[PDB]
């Protein structure tokens, strides 16, 4: 649902405070020019005050956290609170294949979203050759993740390989949800974008990497990037592609896939 200026401003005020004097994020931002969309700050070793604010388990403490920060714009509050709004009001507390929030806060001039500190973005990881995943399972993980967003009535609208990230436990999740919007952009434009990401994946990978999986993914991606939306398969048709036969999609959707284990 699309709100009004006063709604967004009101919602901004409803976000809980964070204490910025007790917090190295501001210091890091002032020690450079980092602040642009959003800016990401990694906190590999959260301090006591941040551990308390987020109620981090010892496991979470060891994983680290990342903060997504945006400058509050008083002429357009939507830009700074849209993503917090999605996390608080629209997305389930834990959809298994979507990037989880650990908390949303407002300071004097910034909004904050905390995330688990990811092991990396999928595009970057494959590009550096750091990881050789099971192509079949990764592709299925990616389709499933998108489907889980469509089931909530949301398009992503900016899918790329780096939309996907690998959590410390090895779960691959869909992030970059600040561009998400209700179901011009349609389900078929998300199919196109995911197709382009698959093409990107095949170009990068031409351990668990199998040549027959790559050829099948290339064929699937060619269907997904058809110029005419009507000629592109639905998510349902994609899930019945030859590439995914023998896979239990229910397990993928529950978040049990680990495409980057050998």
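Numbering follows the first chain given and starts at 1.
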* **Unresolved deposited residues lying between neighbours residue 206 and residue 207** => 4 to 9
* Asked: Just how many deposited residues go unmodelled from residue 183 to residue 184: none, 1 to 3, 4 to 9, or 10 or more?
  -> 10 or more
* Between 214-222 and 22-30, name whichever shows the higher mean Cα B factor according to the PDB entry. => 22-30
* Could you settle it for me: does 241-249 or 10-18 have the higher average Cα B factor in the PDB entry? => 241-249
* **Given 115, 188, 157, 130, the residue at which the Cα B factor reaches its maximum** => 130
* Criterion, highest CA B-factor; candidates, 196, 41, 50, 202 -> 50
* **Chain third (lowest, middle, highest) by recorded CA B-factor, residue given as residue 45** => middle
* Asked: Taking the entry's C-alpha B-factors for this chain, is residue 93 in the lowest, middle or highest third?
  -> highest
* For residue 232, does the deposited CA B-factor place it in the lowest, middle or highest third of the chain? -> middle
* Asked: Once the chain's modelled residues are ordered by C-alpha B factor and cut into thirds, is residue 69 in the lowest, middle or highest one?
  -> lowest
* Structure fact -> Quick tally, chain-level thirds of C-alpha B-factors: residue 169 sits in the highest
